[PDB]
Amino acid sequence: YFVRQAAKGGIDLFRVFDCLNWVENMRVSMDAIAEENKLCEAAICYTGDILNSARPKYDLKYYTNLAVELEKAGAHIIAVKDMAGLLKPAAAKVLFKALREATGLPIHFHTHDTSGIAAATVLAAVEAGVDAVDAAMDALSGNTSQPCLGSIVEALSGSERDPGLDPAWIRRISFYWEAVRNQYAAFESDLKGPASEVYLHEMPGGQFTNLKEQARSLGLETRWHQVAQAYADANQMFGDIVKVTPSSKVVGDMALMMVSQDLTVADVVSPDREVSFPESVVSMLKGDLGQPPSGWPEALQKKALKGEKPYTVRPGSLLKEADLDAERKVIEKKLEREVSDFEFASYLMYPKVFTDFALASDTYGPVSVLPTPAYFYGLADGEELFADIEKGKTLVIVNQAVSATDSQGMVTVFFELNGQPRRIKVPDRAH
Amino acid sequence: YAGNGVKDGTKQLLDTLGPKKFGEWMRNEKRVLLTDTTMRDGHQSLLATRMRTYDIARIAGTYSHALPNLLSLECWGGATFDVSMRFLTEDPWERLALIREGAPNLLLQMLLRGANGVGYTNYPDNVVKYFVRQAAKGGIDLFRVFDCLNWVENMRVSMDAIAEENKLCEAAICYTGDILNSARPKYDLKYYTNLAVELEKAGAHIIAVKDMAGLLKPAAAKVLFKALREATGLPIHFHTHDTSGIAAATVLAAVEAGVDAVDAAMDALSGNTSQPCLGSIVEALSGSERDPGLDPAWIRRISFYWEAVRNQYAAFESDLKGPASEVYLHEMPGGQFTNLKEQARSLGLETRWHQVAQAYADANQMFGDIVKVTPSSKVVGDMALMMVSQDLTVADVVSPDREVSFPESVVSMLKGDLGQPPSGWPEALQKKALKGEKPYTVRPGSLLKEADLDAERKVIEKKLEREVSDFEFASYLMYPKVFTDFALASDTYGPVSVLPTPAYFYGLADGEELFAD
Amino acid sequence: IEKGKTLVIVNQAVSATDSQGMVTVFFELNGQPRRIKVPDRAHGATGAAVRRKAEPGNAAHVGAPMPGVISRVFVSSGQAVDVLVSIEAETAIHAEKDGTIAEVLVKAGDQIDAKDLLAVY
Amino acid sequence: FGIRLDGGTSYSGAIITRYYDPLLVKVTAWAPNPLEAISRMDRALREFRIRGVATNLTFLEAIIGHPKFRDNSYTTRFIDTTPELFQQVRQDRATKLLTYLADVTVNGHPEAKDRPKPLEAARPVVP
Amino acid sequence: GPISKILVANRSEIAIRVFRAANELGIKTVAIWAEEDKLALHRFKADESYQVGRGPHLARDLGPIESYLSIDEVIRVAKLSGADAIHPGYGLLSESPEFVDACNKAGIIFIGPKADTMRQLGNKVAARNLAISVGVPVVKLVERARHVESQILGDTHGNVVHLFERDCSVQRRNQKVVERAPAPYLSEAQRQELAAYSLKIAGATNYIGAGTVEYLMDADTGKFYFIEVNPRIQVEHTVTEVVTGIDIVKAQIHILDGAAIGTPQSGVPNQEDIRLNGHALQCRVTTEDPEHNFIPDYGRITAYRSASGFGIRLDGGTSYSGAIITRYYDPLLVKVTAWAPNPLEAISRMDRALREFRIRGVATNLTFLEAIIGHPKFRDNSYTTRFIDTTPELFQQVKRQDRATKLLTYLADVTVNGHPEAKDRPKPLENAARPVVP
Ligand SMILES: Nc1ncnc2c1ncn2[C@@H]1O[C@H](COP(=O)(O)OP(=O)(O)OP(O)(O)=S)[C@@H](O)[C@H]1O
Ligand SMILES: [Cl-]
Ligand SMILES: [Cl-]
Ligand SMILES: [Cl-]
Ligand SMILES: [Mg+2]
Ligand SMILES: [Mg+2]
Ligand SMILES: [Mg+2]
Ligand SMILES: [Zn+2]
Ligand SMILES: [Zn+2]
């Protein structure tokens, strides 16, 4: 149902992945995508090092065999999703040559620039004949993001695979993103640049900052390089797994526990050391994220589950079909109104988040139309704001005064709205 | 924690083979050789060159024991020489001695300007020679010598002095433009290979490609390094900056094409306007034919040390966020970028920064399309700022009917003080700017006499009321006022270089304890 | 002060000594705020009022158009009609005439107020 | 033009005490015709800026803006028997949006309020 | 359609003056501001506001005044905002035919006369011949001169009226300092002779909007001589408004909306119903320092309290305690207009208000204004255009006791540094009971 609505909503290209590269767990979505007559780009996540003979689990044939399986499962495009930016240039030259010999499907490469060398890997993939690559505009590229689009394009300018993209226009659009990004100062991390330690821990670019902040919360900021090592150790302890949403979160939870509780992997699996496993770890070892090709390590699984029996079937194969008619009736009754098919899809994915958002929208109306600084900070005294509620149809809003807070604990804000006075009361949320 | 004892490295090969056969050893070496720039160019780019001796000297032992296969530590010259005294109240000679002591197995490398050593203006030949002599005595083994216009004649005096001291003379060619762009043929492939031949004939032991703005692209590196190694039998050494976010691709392409050595910065001080990331470059080469034989785990342990050191220098971080392909438009050196943006902001132009970057490109072409690296890069910067400030197009700048008061740096460059570009200076611009002063086309240093060194020595010695060492005298010759101020502050404050960095910049909080040796 | 002219004076606040060795006493006088600066002679600031002080008349004087801290000094001996200093609050104070500047009273990461004398031709 | 003030007592920093009548200023508006005089009084009252204490300005404005004040049909009982002088109603999109703006202006945003702020900064311009 | 949004292409007191008229008419306003005017009150007094003179559409930031003279900037923001009309105030672009042209090209109403009216009146050859052609005398001497000017209003229907005259003879160097309405040295017959000349000029030029016909009057002979028409509102319009009861700015607006003078909608009476009621004068208070050769002062204003009461009109809205006076713009703090039934009483009323003002932090010209209106030649209307420049007693330094400031200085000094005689000697028990006079 969700895939159906996503296609109706305007998605043309669905990049579908599985956090353990389990093709079985991808078939329902791949079928749904083909059913809607959209592009099914089936991704294989990259981990390990195909050129390192000491880690043969994730060798070249592992990837070429998955490409073959995904094609037989009906992919229109195969992706290599290098969520942690681990694919090295020499490996890309071997991998993309081999992939394009293994399947006739086009290949699409996605990577992250955590190591500071991912553009080298992209350009190696292009030289090797890869069909499509991802990059981020310069102003939002590098480090844990994608490598730089403008520089990758410039590198290929005048070559036989020149993408035909105007660098001056890439620059202009990046300058726009730079200015946009300045508005989001609150959400910047403290990362200063490239880190080869990524090849040690393999934390996905999308995880790295969250996990580091989460370590800081637990009083572990000074032990971050120990968390990164515990993350590597825990990965091996779980059997050496693909780490991307949500399996990456499990390995992070485990690593933080090891550092907080001073436990080595030997303590973790020990018969005689009581361990309270993170709920994400118990759930993964139970089977809720699916099955890695060698299965879950048994001594670990047994200890963590505390008598609860694991399963190995596809997790969704255990769930009863939803009564969509009944579920729709439920949300509509809560909101005391009809919902669109899109809102229904939202409610099915995130019932609580959607419901809360639907109530907020009823209270505040169309806040998405507000420019970003007004959204996050509101209006200073005497400050003017222009906002379009309709495609006419500009509101000129001025903050003229804000009262002290009464008793009833409310505050009155006095606006001018298109030349007219407008008084609005709101709680003082700190009294 | 390291070991053991220290294994012999490139320092011992230089000592026992001599510079010319050491370069032959480099050429023959199958593995790529690595220079770590963390102790000079890395913090010059990222932290305004404010990294202190205390933090640098304390890790040199670790490098010596853990990464004994490194070609060299680039640890001296560029801005460190004056910044150490003027802003850090410490002696660059002492810093170099401590590194030497801590890392007796690795070559110590400086960046030297051919025309003036480490100085800020032109000096007589005898002064430049005296400085090179002291640099050699103080512990420098490998001198990367460059000229801001790639003018070989302006490099001869320094090259000959380096060879006289029996140290390594690594003559750099600065990279600009794009050799694979046949619509900018001025800086084509023959331009570089002809220069490499000229520099070999001038007595170089090693040729460098100095890509100060990070403009060399991977496909161009593949062609360039192949051609260079066919043009000269000398080893080739590649230095670039990561402003574009793709410079590691170029370094790896250079390695594949057979380049003998490459520079990189420890991860914690790499990326953006610094060099590309050392640990990731070494990881990319791990297990390959040219594997440099450097332990990644030790690189990461030293990088973690640099990360904690860098945190103490929060005052000196810039607001740069990431890669910029804009570099291919402007060609500002990575070492200039932040300085020039900070200057624009101080002139009230922060909101017209991208306009300044375009004026910089236009101004470069107006000057005839020149090599831009210290000091020529500053001249183009001054010109660009004035063009934006006063709303002057290149046509306005050169026109006979618009009055312009050119920046001093521009007048001096067109006069001839920075040397001669291969094309000469554009005649109409030079005439307008010089306002009747005659230009010269000879080597600037040929017009300066000989300094009277025994008399200059008595001047500083009288002022300080004591004898000074030959090293101190070299400091005074290069930076008379800065050295004088430093010697007087050293008299009052003692060896402040021995204080930990937080105590140096912020002193002690109440109840706080420090240890100083 | 005279018969029928009664002032009401309150001591509202006394500042820390500032970088010029001056203490500000914030008075209320007849209900209106009045700030009065005196030297902190008690802590060794005899010889103090410090910063001149531009004369609105002369040409000659480079007076600060606005309060702030100086962020950069671009000069110390003469030229044009050119940025002399900048002030952060960055502006960007330009030379109004051709000349040789014969004094730079800043300085700075110095705090200044409008009318403070920045430089003298 | 046409505004007379008899105040002299209020200023920035004045303290209003509980001891006497809580008068700030007396405002007199003049025009050739009574409706213009009202529009003049209304512009002046709305242009005053008094902060730090509450005022009766919105009440004065409601009175002179009332239809019965404008047509001179009021009696001595007018205020005491006219509820709309002390009330107000709206439910539309713009009001909801002003409700958001008010709420964030007073309370800040939970995701932003304790985090680093953007420099005090060029708005993004679509090429 | 009828004007519903006006952009004021100006700043400071005249912008605030127009905002008041427009808002009183139920018309929305738009302010423009240069970066140097970022804290200027006019910016916050409009319904909507736009910065002029910065931004990527320009090659370089414009100067503080340059920003407001930029026809391109003004038109750009007028379009952005959807303004129906532009009021140019006075100064800046108010006499620029190029600007009127730009307005018309954009379909925006210019509040003032046509571009061709401006061109004709701005050339002295044309202006003189037009006056000559309708039998208005033109300039001889004039060694003892007065400056008298008629206020006119003309509408788009061929109606012109006069709002009588102002005396503007009190000038320093060549700049207006005190203006009066009506001119007190005129007889009724003279007043009507002047009105008839002015109506001739207005009608001959088909004048639209507010304008001023300026004359020189030879004090020795009583002869009038036409000098120029100023084709805009003027800073001294306020005295005329107070003695006639007619709002000039609202009249400008209705006239450009198409109203006919004489109808209630125009805001303007027929000529027969226009009359003088009492006497007024206006003084502009500025930061020009009589102690420093009238060099304008600048800096933060630490205290500002105006003075009003019966017969006082204020046109300010720009000074307040906290405000910073820059040197970028004209140094006006506030324009004070005083009215009374008779001229000597209006003088006494101005004098009281000016002396009751309190402005601290910057110097002002208050003592100089006081000196002028306190002078016997001002009181008896015997001054000429040379009065100020030839009257040194006006420049006499005042010198205040300034006793309270000195006492506060004493109290601060002793509070922070102590008294040398109480030093380290015993202190009174800190209670401590004041002596009570029995
Ligand atoms: N013929 C004259 N004889 C004596 N004084 C004159 C004469 N012409 C002009 N003036 C003086 O100049 C003043 C105004 O001159 P104008 O002719 O109006 O010049 P202007 O520059 O247009 O002035 P404004 O600012 O537009 S009113 C008068 O009030 C007189 O003081
Ligand atoms: Cl949810
Ligand atoms: Cl020096
Ligand atoms: Cl200007
Ligand atoms: Mg080799
Ligand atoms: Mg005139
Ligand atoms: Mg004129
Ligand atoms: Zn990703
Ligand atoms: Zn460099």
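Residue numbering restarts at 1 for every chain, and letters A, B, ... go by the order of the sequence lines. In listed order, ligands and their atoms are each counted from 1. Values below: all heavy atoms of this structure, side chains included; hydrogens, waters and symmetry mates excluded.
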What are the protein N/O/S atoms, named by residue and atom, that sit under 2.8 Å from the Zn ion (ligand 9)? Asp41(B) OD2, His239(B) NE2, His241(B) NE2
Could you tell me whether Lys217(B) sits above the aromatic face of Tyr328(B), with NZ or CZ closer than 6.0 angstrom to the six-membered ring centre and within 45 degrees of the axis? yes
Check the pair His239(B), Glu170(B) against side-chain hydrogen bond (donor to acceptor under 3.5 Å, both in side chains), reporting the backbone distance first and the verdict last. CA-CA 12 Å; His239(B) 173 87; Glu170(B) 173 168 300; over 6 Å; no
Side chains of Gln275(B) and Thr37(B): do they bring a donor and an acceptor to under 3.5 Å? yes
Is the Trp76(B) ring parallel, tilted or perpendicular to the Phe81(B) ring (thresholds 30°, 60°)? perpendicular
Does the plane of the ring in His42(E) sit parallel, tilted or perpendicular to the ring in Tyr68(E)? Use 30° and 60° as the thresholds.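 Judged by the thresholds at 30° and 60°, the geometry between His42(E) and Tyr68(E) is tilted.
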Does the side chain of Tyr187(B) reach to within under 4.5 Å of the side chain of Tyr192(B), using non-hydrogen atoms? yes
